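Laboratory data are not the source of any read-out in this text; all were calculated from the coordinates shown. In this analysis, Cβ positions are derived from the backbone assuming ideal geometry, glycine residues included, and neighbour counts consider all displayed protein chains.
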RNA sequence: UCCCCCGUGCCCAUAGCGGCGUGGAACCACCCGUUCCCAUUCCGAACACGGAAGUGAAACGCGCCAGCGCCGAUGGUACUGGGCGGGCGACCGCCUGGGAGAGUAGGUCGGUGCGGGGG
RNA sequence: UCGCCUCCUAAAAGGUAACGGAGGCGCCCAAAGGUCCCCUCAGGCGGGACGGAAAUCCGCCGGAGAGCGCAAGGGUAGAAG
RNA sequence: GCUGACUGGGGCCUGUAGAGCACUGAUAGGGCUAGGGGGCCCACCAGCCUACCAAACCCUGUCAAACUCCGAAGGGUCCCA
Ligand SMILES: [Mg+2]
Ligand SMILES: [Mg+2]
Ligand SMILES: [Mg+2]
Ligand SMILES: [Mg+2]
Ligand SMILES: [Mg+2]
Ligand SMILES: [Mg+2]
Ligand SMILES: [Mg+2]
Ligand SMILES: [Mg+2]
Ligand SMILES: [Mg+2]
């Protein structure tokens, strides 16, 4: 995932976007520079990049450094990006969100219910070099009652976690049919 | 309906409606959600009318997540009475929603269904709405 | 310390219907006693006051045990 | 001259050191306090006090007790901001042995009853806390002065920690147990 | 935290803070606002006698002796967890009236 | 105040006054107290009525 | 001057809580006693006194760690002095100064004067 | 409804209206006052004779959520308790 | 007889906007879990299950004129111009 960046001296952020670009920032232990990216181009990347995969930025210095979004601030109304925080990866252990790929048809669905995916991620610390893609999850078997979570996942090589780990990550809740009105 | 079970004060001033949303602008729970495009007091009967519409569309299926909550006291003076003699009585409760708030949102239902489901509930509301689905809502790392 | 009120504090005798016991140091001379007459710790006790008077001697191990019921 | 005294210094003290023990002549399980609260039988004080529990029970352990008083509001218990309802007595060192020892193995007995002391009853720091059905019945009886069946609840705080270190101290000191 | 620290009730300058150790009995005549300890005097940590309520009765006049050389004739007493008793240490001079 | 009743304090060595309030019922009846006079100053005072 | 400890203040969590070190030579504490001054709503527990066999266990002092606590950018918003506009209205936008709160990167298991005893 | 007190409305000094929103006062205490000396809470979890889910106990953990005669607010354990 | 409005620079006094749940309350779902329908029940010694009710507590989402861990812009005042 390749996304290009550019430097910002210190001129009206309102202009950058009133143009067509998306102001932002880069940082970690050392280094922290005000940068920016083309809005319509950064979106096409993020749509898949998200914060689960590493976004390789660039610059004039032709230095393709690896990073990942730390947080994207929205416009509330208009609901679109307004600024991004790029975290430059190193060699040091870092905490990130690895996507949980819940695979399988839970017995609770065919029976009665919906698979509410309480947590579609899980912050875990790891090595930039060794970044997982998706922590699969065994969903079949989950019935209507409570459901597996946190301390129940296959944690890949050198990838522990920064969870409770009691934090429920999923649960099958009965479906809503007919019959309503309780306040008679 | 839907309303607070307890309170420290039965009646409260009207307050204003300027500003964005303060919070609750990203999906957070389900797969699709209905977002508010204008400021407005959404009443308990409106919320209910929408939710039932939902559960009614996709009969026996998915989970609906009502995210706004009517906890603000709406007041009204007795029919044909003059100004004065104190504040009116509580007619109902409302939810102060500002532009951007994701009011409702569904889960566990086909995309096509999510749409027509959220569309209908929109009609029940007194403001313009927009349907959406998980995206840059992953506010994390 | 505390002057007044306090008891008297004086040694006497801890009798005992089964040999001497604790050494005076309380405030009582006579007493039923009975340290334990059978401790109780685990066993050596549980003298379960139920002993059916003169057990055995009658109705005992007779009437013909199990027998050749196997046939 | 003291009764148990030896029992602890002579016995128990060593069996522990090597069963546990080691190094310090201090990190060895030993008692330090012995308090005991009555509460006032199955009916508290009343303006017409009681204080017999005081005067009597006081010297059934050798030394008058103090007087505690409630707090907070009662409503359905009959009390108020308190006054009195207490009458308890702590005490350590000498009297601790003398009271429980010259009463541990000779007094506690007699009271018509079952097995040993309730096992699962300790916690941390080993303190235990039994609690006879009050029943002022024996030892030091010398009848008369009989108004209520008021008795008490004994609290024994020891050094030690865990439950073994503590239990080991009592068990090997003279505390029949578990059922 | 037996807290105490009644010394907070100190306004008037020059407090003679004390110390009741098992072996010795220290003492400093400190002037706050400047955060400086003017005079002083220690127990046998200064050599003297051997008896508690004794070494004190003198470990005092000693400190009082030095203090006068500096004109410091008026101060206030102290000893945080004091209890003004036993090792009380009465002493001439030191126009403290105490 | 109906039950409190406000009384004064006489010099007993003669006349004088100061005046305060009592509380007949609540632990009370007859007030003796040390008060500094004006007509010499330094004595004991009792109740009265006025 | 330089390390250690004993009292004292200032700064008032990056100054603590909790784990894990360790320290007694000295000081300190725990202890040994409680006849004596003095004590407890009852207990020499606490105050208090006279000591000196044993100890660092406790408490305390001094280190180690980031997990809780705490501290916390840079950017970008919000909001807003002042100025100028739009919408029937609920409200909203541009200019110019000021500019959070949260969040993120990250920071921290203190700093420091005066007087004592000791190498 | 009419005087007094607390909070809000009141737009971060003070002040600020309406038949605006929500509660109190018309006492009391000789100890609930002065000073000196000690003491520290509520709850949470254990363990507890009668013991509710708070009587009083014992052990940790607990900076204040307890307490402070009565409304509400401010304040407060380095005490006003 | 230069002290005025207004203004520049200092020093603080403050809790609105905003925001945020640490307090007081309000909150949807989920987890865990005292109870209570009740359920297999070996029957008192516990017990096991529960797309019902459901504490306290934690997680995710929020709400407040009489909430505030936090907090502007400004405003007030004094000094020098
Ligand atoms: Mg004001
Ligand atoms: Mg103002
Ligand atoms: Mg007094
Ligand atoms: Mg001028
Ligand atoms: Mg002027
Ligand atoms: Mg100015
Ligand atoms: Mg506010
Ligand atoms: Mg607001
Ligand atoms: Mg100014």
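Using Cα pairs closer than 8 Å and at least 6 residues apart in sequence, work out the relative contact order for chain C, in percent. Intermediate values should be presented prior to the final figure.
Numbers: 55 pairs, mean separation 13.8, N = 71.
It comes to 19 percent, rounded to a whole number.
For chain A, what does the alpha-carbon gyration tensor say about shape, rounded, prolate or oblate, given a ≥ b ≥ c as the root eigenvalues, a/c under 1.5 as rounded, and a/b over b/c as prolate?
It comes out oblate by the Cα gyration axes.
Quote the relative contact order of chain D in percent (integer), defining contacts as alpha-carbon pairs under 8 Å separated by 6+ residues. Before the final figure, lay out the partial values.
Numbers: 280 pairs, mean separation 55.1, N = 179.
Relative contact order comes out at 31 percent.
Dividing the alpha-carbon radius of gyration of the protein assembly as shown by 2.2 N^0.38 Å (N being the number of residues), what value is obtained?
1.58
Take every residue in peptide A:67-79, count the Cβ atoms of other chains within 10 Å of its Cβ, and give the average of those counts. Write down the numbers at each step before the final one.
On the way: counts 0, 1, 5, 2, 4, 5, 1, 8, 3, 10, 12, 4, 14.
Across the residues of A:67-79, the mean count of other-chain Cβ atoms within 10 Å is 5.
With label points built 7 Å along Cα→Cβ from the Cα atoms of residue A:107 and residue A:91, find their separation and express it in nm.
Once both label points are built, they end up 5.0 nm from each other.
Would you please classify the overall shape of chain E from the alpha carbon gyration tensor, given that a ≥ b ≥ c denote the square roots of the eigenvalues, rounded means a/c under 1.5, and beyond that prolate means a/b larger than b/c while oblate covers the rest?
Taking the square roots of the gyration eigenvalues as a ≥ b ≥ c, chain E is oblate.
May I ask you to derive the relative contact order of region B:7-141, considering only C-alpha pairs under 8 Å and at least 6 residues apart, and to give it as an integer percent?
Normalised by residue count, the contact order of region B:7-141 is 42 percent.
Per-residue counts of other Cβ atoms within 10 Å, averaged by peptide: what ranking do you get for B:45-53, A:72-80, B:2-10, F:12-20, highest first?
By packing density, highest mean first, the sequence is B:45-53, A:72-80, F:12-20, B:2-10.
So how do E:30-40, D:155-165 stack up, highest first, on mean other-Cβ count within 10 Å?
Ranking the peptides E:30-40, D:155-165 by packing returns D:155-165, E:30-40.
Using the count of nearby Cβ atoms within 10 Å as a rough guide to exposure, how do A:117, C:3, A:136 rank from fewest to most?
In order of increasing Cβ crowding within 10 Å: C:3, A:136, A:117.
Give me a single rounded figure for D:105-111: the average over its residues of other chain Cβ atoms within 10 Å of their Cβ.
The mean count of partner-chain Cβ atoms within 10 Å per residue comes to 6.
How would you rank B:138, C:51, going from fewest to most other Cβ atoms within 10 Å of each one's own Cβ?
C:51, B:138
Just rank C:49, A:134, E:77, fewest to most, by other beta-carbon atoms within 10 angstrom.
Going from sparsest to densest Cβ surroundings: C:49, A:134, E:77.
By average Cβ neighbour count within 10 Å, what is the ranking of E:50-60, D:57-67, B:83-93 from highest down?
Ranked from most to least packed, the peptides come out as D:57-67, E:50-60, B:83-93.
Show that you can apply the helix-only estimate: for chain E, add -39,500 (n - 2.57) for every DSSP H stretch of four or more residues, divide by all residues, and state [θ] at 222 nm to the nearest 500.
-6000 deg cm²/dmol
Have a look at the DSSP beta bridges in chain A and tell me what percent are antiparallel, nearest 5.
75
To test your reading of the geometry: what angle, between 0 and 90 degrees and rounded to tens, separates the Cα axis of helix A:39-49 from the longest principal axis of chain A?
Tilt relative to chain A: about 40 degrees.
Report, to the nearest 10°, how far helix B:111-124 tilts away from the longest principal axis of the Cα atoms in chain B, using its own Cα long axis and a range of 0 to 90°.
Approximately 10 degrees, to the nearest ten.
Per residue of D:16-25, what is the mean number of Cβ atoms on other protein chains within 10 angstrom of that residue's Cβ?
The shielding value for this peptide is 0.
I'd like the distance between the alpha-carbon centres of region A:145-184 and region C:1-67, rounded to an integer number of Å.
Distance between centres, Cα-based: 62 Å.
Calculate log10 I(q)/I(0) of region B:79-141 for q = 0.15, 0.26 Å⁻¹, where I(q) comes from the Debye formula with a single equal point scatterer on each Cα and nothing for solvent.
Summing over Cα pairs of region B:79-141 leads to -0.68, -1.23.
So if I take the centroid of the Cα atoms in region E:1-61 and the same for region B:12-86, what is the distance between those two points in Å?
Centre-to-centre (Cα) distance: 71 Å.
Taking the Cβ-Cβ separation of residue C:6 and residue D:1 as r and a Förster radius of 25 Å, what is the calculated FRET efficiency to the nearest 0.05?
On the way: r = 20 Å, r/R0 = 0.81.
FRET efficiency, residue C:6 to residue D:1: 0.80.
Once you sort the root eigenvalues of the Cα gyration tensor of chain D as a ≥ b ≥ c, which label holds: rounded (a/c under 1.5), prolate (a/b larger than b/c) or oblate (the other case)?
Numbers: a/c = 2.13, a/b = 1.75, b/c = 1.22.
Prolate, because a/c is 1.5 or more and a/b exceeds b/c.
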